[PDB]
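K.L.:
Residue numbers (the deposited numbering), protein chains in the order written: chain W, 2 to 130; chain A, 2 to 207; chain X, 1 to 49; chain a, 1 to 100; chain R, 2 to 124; chain V, 1 to 87; chain C, 39 to 255.
We treat Cβ as the ideally placed atom computed from N, Cα and C, and that holds for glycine.
Right, I'll just put the structure down here and ask away after.
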RNA sequence: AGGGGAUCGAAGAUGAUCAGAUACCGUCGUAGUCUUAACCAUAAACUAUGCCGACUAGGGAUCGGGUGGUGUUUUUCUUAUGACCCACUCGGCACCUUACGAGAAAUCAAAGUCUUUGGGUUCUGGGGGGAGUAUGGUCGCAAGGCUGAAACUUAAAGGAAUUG
Ligand SMILES: [Zn+2]
């Protein structure tokens, strides 16, 4: 059974970008996927995407750019205590220059640079770069 | 963009349909592959005409771009195309290869038949599989006169053609040899059929 | 591929107990816990005698 | 000995362990899939004549029937001359029969 | 078992390729033209070149051969392929009536061009 | 690809594939350069001017070099009514 | 003596391609030995090891000597070459030739802000060969090379100052260890970054411009 | 423990071969083979590949439905079913061709989406022997299952491929 809807979305994107595609169809759909994709949309990893509304659940279609490399997920949403973000950002990303570890918290759904300014942290969802 | 002139000659539509260029492509279907216009009854397809004549002019524009003429290679192992390639080599500078390719031609500098070209033109991807696959080792583009049966391994700019036999090989090289000379060459005007002849290509009696 | 082992947020118990079983398949761990050095090994589990 | 063939004894697929059948020569038990089934039709009179019987006989036309004997051979027995003959590595793959 | 060797056929190809003139049928005249140009040490090997070169002249009057066909032989085709026996008429115009195309091919003309000659068949 | 204030550090600022937007490596022997001529009024061709493309060896081996060329050509204006958006 | 074959060989002898970039940018082959000697002056040319290898014969065996050699300088170029001749010292001559033909660039960076010149890898790269995976992994200033002595010589020729490693597998096989690391160091140019997203004009190659001077007239 | 008991048949008799043959070959041959009530719970119980879920590549066959075709026939006249053909579609047993991926390699469209490592979850393993033995439980009328050690010995045992 599809226990993680968020994992199915980012899995389908990786197989498309590997083959050399410019469009992906994610079926299950959610609020959290739309919040996750809009962070990628700001930093230039993904172009435009449009939500098809079946009178039922949802269906998303994305436009790939040719910039992505990997878009991963970490399923057991571990708790993070601001100072311990240095462990996760070092391992999951390459280099200290750029990359994003997309996490969730009581403010909203931030990247690790955005969350550092506010002095705020919580659970983790996934990453890019 | 384009000269707003080469809009497919209405007289040349008679030459294509008489030679059976757009009356086949077999039942079998590789799935690239949008060069079609519906299926005829009893296991026969129909190739679109406007798509072919556009791509032949596109192929001529790539051949015209190279500065040194004696460079673009024409290849044919199939016995029908052997006569057509020899004519193309005579009109404009283009070293031909008839029959066997001899493996290690583009690679391996010891060989007597050592080419080092910047463009390859092929008749059949099926029979000339050695020519297309081995050309990838030293960064060479390809042009293929394919039909809907043959594969697309390293095949750039594939002109849709009819590889059943006889006529359409002779006609497509005749139109290529014309369009190469139209853009930088002998002919100062596109009008007047030009002669020469299509039947100077073709298969002969043994 | 879930890699066999339980990757749950509340898996704690099974993760700890599975390894106390698998720890017994190592000679240095097995001989330290059971203590054959005292009961065997002619010396009294010592350097010199 | 690693993996030799993919299909092996062949047709037991989407199916449990099947009925066996006895060989002709050895009287040895072997599966019906892994059987080597030749079908040998023979003229009931031997072709070395064949005229000599029909010359002296009664009636015109004459039926002159044929026996329809289906045979089975337990692999090792078939390597003695029967439908096998050991093959090369890539020659194994040809499922198309020789001749016809 | 008189199979001629490779070193005989090395000379037999090299001599006939360049010097197609000075080669006419018989042994004795062509034998005098082997020692003419080349510098062979022995008599046996010298005369054995004359044997196989003269044998190729018997076949050359009954068509060509693969690998041994140069200078005159490429030109001795050649008009036959260049100025072909055909063409009387065009040919392949609309000599036999005016295009016997199919139903689907007739419909294909309407989208692209406008009007060609059509004797449309029902298939 | 940058440093403090003065100049750009690095060499070989590499070519990206026109179809996929993927970096073409130095030893990737298979990559190609399609140079297409610039036509003028009533035949002709402008000498020393091209509409250049570049394809990676990855997609060329796959089989979608021909389909990718007609997509690029129709947008630049080197073709008419060949490659369809909807299919 | 010199005397070139092929179009690029004649082009370098005239003296138009400087050193080097125009070969690597446009992905041109380099089959001639004499090109890299003309372009790059500084080359080492250091031998790693020599294995006698046996093939079985009906009455004896055939001793043949493999020769692993590394090539580079101290800026950002490295190479590798293996060859198996029956002469021992002659195989080193053959090994140095082949390694020059497969010389390949490297992309360096930071490592924690710019300030001055770069002296380590930009991104975390890796390469596999057989069953030996290598992983690197930049460092800060003043850490030095942290790898096996065999791998250390390959990194010294590259001009990389500071880098960590994490080899995993049967790493004693010195051919597969270096050849796996050669993919990891060669895969630096390939991984996209925020810097390389900006679009460039597609330039004409040396072969297109200088067509008439090359080729035998 | 009952019934049945034709054929083949461990034990066993009994002819040859053999230096010996109580082994293969042959002639017979008890139990067993079949069933009715109980038991036993193991096999190369092998696709030597744990289940549920996505996504990635083409190609025709086939077994079951379900669609449409003035299609072909059946012919009792249109029939109307059926049975054949052409295209399409869900589910299933399988195959072919390529690897861009994976792998130590044989090979694999899953053994792919893993140093760019994280979809959910059960089970088993940690050099070779001693050993599936000792001992103690527990289960069976028995045969034996399930559970399951160490002292002590040793530098190799092994997998896939290449030459001879
Ligand atoms: Zn048998």
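Cβ closer than 8 Å: which chain X residues qualify as neighbours of residue 76 of chain W?
P.N.:
Reading the first chain from its first residue, position 75 is the one you call residue 76 of chain W. The answer, in chain order, is 7.
K.L.:
Between which two residues does the beta strand (DSSP E) containing residue 66 of chain a stretch?
P.N.:
The count along the fourth chain starts at 1 and reaches residue 66 of chain a at position 66. Unbroken beta strand (DSSP E) run through residue 66 of chain a: 66-70.
K.L.:
For ligand 1, enumerate in chain order all residues having a CB closer than 6 Å to any of its heavy atoms.
P.N.:
Going by the Cβ distance cut-off, the answer is a:23, a:25, a:26, a:28, a:73, a:74 and a:77.
K.L.:
Do you know whose CA, among a:57, a:39 and a:10, lies nearest residue 24 of chain a's CA?
P.N.:
Along the fourth chain, read from residue 1 onward, the residue named residue 24 of chain a stands at position 24. Of the candidates a:57, a:39 and a:10, the one whose C-alpha sits nearest the C-alpha of residue 24 of chain a is a:39.
K.L.:
Would you list, in chain order, the members of the stretch 3-34 of chain V that have their beta-carbon closer than 9 Å to a beta-carbon of chain W?
P.N.:
Residues passing the 9 Å Cβ filter: 16, 17, 19, 20, 21 and 22.
K.L.:
With DSSP run on the structure shown, which of helix, strand or coil describes residue 92 of chain C?
P.N.:
The count along the seventh chain starts at 1 and reaches residue 92 of chain C at position 54. Looking at residue 92 of chain C - three-state DSSP - the assignment turns out to be strand.
K.L.:
Taking 8 Å as the CB-CB cut-off, is residue 67 of chain W touching chain V?
P.N.:
For the purposes of this step, residue 67 of chain W is identified with residue 66 of the first chain, where counting begins at 1. Judged by the 8 Å Cβ criterion, residue 67 of chain W is in contact with chain V.
K.L.:
Any residues in the stretch 13-37 of chain W with a beta carbon nearer than 7 Å to a beta carbon of chain V? Which ones, in chain order?
P.N.:
So the list reads 21, given in the order they occur along the chain.
K.L.:
Does any residue of chain C have a CB that is nearer than 8 Å to the CB of residue 97 of chain W?
P.N.:
For this step, residue 97 of chain W is matched to residue 96 along the first chain. Residue 97 of chain W counts as touching chain C.
K.L.:
Report the option in C:214, C:127 and C:241 whose CA atom is closest to the CA atom of residue 65 of chain C.
P.N.:
Within the seventh chain, residue 65 of chain C is the residue found at index 27, counting from 1. Residue C:241 is the option with its Cα nearest to residue 65 of chain C.
K.L.:
Going by alpha carbons, who is nearest to residue 58 of chain A out of A:154, A:75 and A:144?
P.N.:
By one-based count along the second chain, residue 58 of chain A stands at place 57. Ranking the options by Cα distance to residue 58 of chain A, first place goes to A:144.
K.L.:
Skipping 5 residues on each side, what residues in its chain have a beta carbon closer than 7 Å to that of residue 50 of chain W?
P.N.:
If you number the first chain from 1, residue 50 of chain W lands on position 49. Excluding sequence neighbours, residue 50 of chain W sits near 38, 61, 62, 63 and 64.
K.L.:
Would you verify that the beta carbon of residue 74 of chain R is, or is not, closer than 8 Å to some beta carbon of chain A?
P.N.:
One-based indexing of the fifth chain puts residue 74 of chain R at position 73. Not one chain A Cβ lies under 8 Å of residue 74 of chain R.
K.L.:
Could you give the C-beta distance for residue 83 of chain W and residue 120 of chain W, rounded to a whole number, given that I count them as a contact under 8 Å?
P.N.:
For the purposes of this step, residue 83 of chain W is taken as the residue at position 82 of the first chain. For the purposes of this step, residue 120 of chain W is taken as the residue at position 119 of the first chain. Right, the Cβ-Cβ distance comes to about 7 Å (below 8 Å), so this counts as a contact.
K.L.:
What are the residues of the stretch 92-106 of chain A that lie near chain R, defined by any Cβ-Cβ distance shorter than 7 Å?
P.N.:
From the stretch 92-106 of chain A, no residue has a Cβ closer than 7 Å to chain R.
K.L.:
As a quick exercise: from W:73, W:20, W:24 and W:110, pick the residue whose alpha carbon is nearest that of residue 12 of chain W.
P.N.:
The residue labelled residue 12 of chain W in the question sits at position 11 within the first chain. Comparing Cα positions, the closest option is W:73.
K.L.:
Give the single residue among W:54, W:47 and W:53 whose Cα lies nearest to the Cα of residue 129 of chain W.
P.N.:
As a first step, residue 129 of chain W is located in the first chain; it is residue number 128 there, counting from the start. The residue with the shortest Cα to Cα distance from residue 129 of chain W is W:47.
K.L.:
Can you round the beta-carbon distance between residue 162 of chain A and residue 169 of chain A to whole angstroms, since I take them to be within the 8 Å contact cut?
P.N.:
The residue labelled residue 162 of chain A in the question sits at position 161 within the second chain. The residue labelled residue 169 of chain A in the question sits at position 168 within the second chain. The Cβ separation is near 6 Å, so the contact holds.
K.L.:
Please classify residue 4 of chain V as buried or exposed, where buried requires at least 16 neighbouring CB atoms within 10 angstroms.
P.N.:
Start at 1 with the first residue of the sixth chain, and residue 4 of chain V comes out as number 4. Label assigned to residue 4 of chain V: exposed.
K.L.:
With residue 31 of chain V and residue 56 of chain V assumed to form a contact (beta carbons below 8 Å), what rounded beta-carbon distance in angstroms separates them?
P.N.:
Locating residue 31 of chain V in the sixth chain gives position 31, counting from the first residue. Locating residue 56 of chain V in the sixth chain gives position 56, counting from the first residue. Contact holds; Cβ gap of about 6 Å.
K.L.:
Which residues in chain C have a C-beta closer than 9 Å to the C-beta of residue 54 of chain V? List them in chain order.
P.N.:
Taking the sixth chain and counting its residues from 1, the one referred to as residue 54 of chain V is at position 54. What residue 54 of chain V touches in chain C: 240.
K.L.:
Is residue 232 of chain C close to chain A? Criterion is C-beta to C-beta, closer than 8 Å.
P.N.:
Taking the seventh chain and counting its residues from 1, the one referred to as residue 232 of chain C is at position 194. So, not an interface residue.
K.L.:
Look at the Cβ atom of residue 126 of chain A, then the Cβ atom of residue 156 of chain A, and state whether they are nearer than 8 Å.
P.N.:
Translated into positions along the second chain, residue 126 of chain A becomes position 125. Translated into positions along the second chain, residue 156 of chain A becomes position 155. A contact, by the Cβ cut-off of 8 Å.
K.L.:
Any chance the stretch 109-116 of chain R sits against the stretch 12-20 of chain V, with 3 or more Cβ pairs inside 8 Å?
P.N.:
No, they do not touch.
K.L.:
Determine the DSSP secondary structure at residue 21 of chain a, reduced to helix, strand or coil.
P.N.:
Within the fourth chain, numbered from 1, the residue matching residue 21 of chain a stands at position 21. DSSP places residue 21 of chain a in strand when its eight states are reduced to three.
K.L.:
If you drop the 5 nearest sequence neighbours on each side, which residues of the same chain put their C-beta closer than 6 Å to that of residue 10 of chain W?
P.N.:
Here residue 10 of chain W refers to the residue found at position 9 when the first chain is read from its first residue. Taken in chain order, the residues that qualify are 27 and 34.
K.L.:
Do you know offhand how far residue 197 of chain A's Cα is from residue 20 of chain A's?
P.N.:
Locating residue 197 of chain A in the second chain gives position 196, counting from the first residue. Locating residue 20 of chain A in the second chain gives position 19, counting from the first residue. Near 17 Å, if we compare the C-alpha coordinates of residue 20 of chain A and residue 197 of chain A.
K.L.:
Starting from residue 26 of chain W, trace the beta strand (DSSP E) in both directions and tell me its first and last residue.
P.N.:
On the first chain, position 25 is the one that residue 26 of chain W refers to. Segment 25-27, the beta strand (DSSP E) holding residue 26 of chain W.
K.L.:
Looking at chain A, which residues of the stretch 129-140 of chain C have a Cβ within less than 9 Å of any of its Cβ atoms?
P.N.:
Answer in chain order: no residues at all.
K.L.:
Going along the chain, which residues of the stretch 16-39 of chain A sit with their C-beta nearer than 9 Å to a C-beta in chain R?
P.N.:
Flagged, chain order: 16, 18, 19, 20, 23, 24, 38 and 39.
K.L.:
Check whether the stretch 130-148 of chain A touches the stretch 181-194 of chain A, taking contact to mean three or more Cβ pairs, one atom from each stretch, closer than 8 Å.
P.N.:
Because the criterion of three Cβ pairs below 8 Å is not met, the stretch 130-148 of chain A and the stretch 181-194 of chain A do not touch.
K.L.:
Based on the DSSP secondary-structure assignment, which residues constitute the bridge partners of residue 206 of chain C?
P.N.:
Here residue 206 of chain C refers to the residue found at position 168 when the seventh chain is read from its first residue. According to DSSP, which records beta bridges pairwise, residue 206 of chain C is partnered with C:171.
K.L.:
Determine the burial state of residue 74 of chain a: buried for a count of at least 16 other Cβ atoms within 10 Å of its Cβ, exposed for fewer.
P.N.:
To locate residue 74 of chain a, count along the fourth chain from 1; it is residue 74. Classification for residue 74 of chain a: buried.
K.L.:
Compare the Cα-Cα distances from residue 109 of chain A to each of C:250, C:44, C:255 and C:192 and report the closest residue.
P.N.:
The residue labelled residue 109 of chain A in the question sits at position 108 within the second chain. Cα-wise, what sits closest to residue 109 of chain A is C:44.
K.L.:
Using the beta-carbon of each residue, which ones in chain A are nearer than 7 Å to residue 87 of chain R?
P.N.:
Numbered from 1 along the fifth chain, position 86 holds the residue referred to as residue 87 of chain R. By Cβ distance, chain A contributes 200.
K.L.:
Considering only DSSP beta bridges, list what residue 51 of chain W is partnered with.
P.N.:
Against the first chain, residue 51 of chain W aligns to sequence position 50. Looking at the DSSP assignment, residue 51 of chain W forms a beta bridge with W:62.
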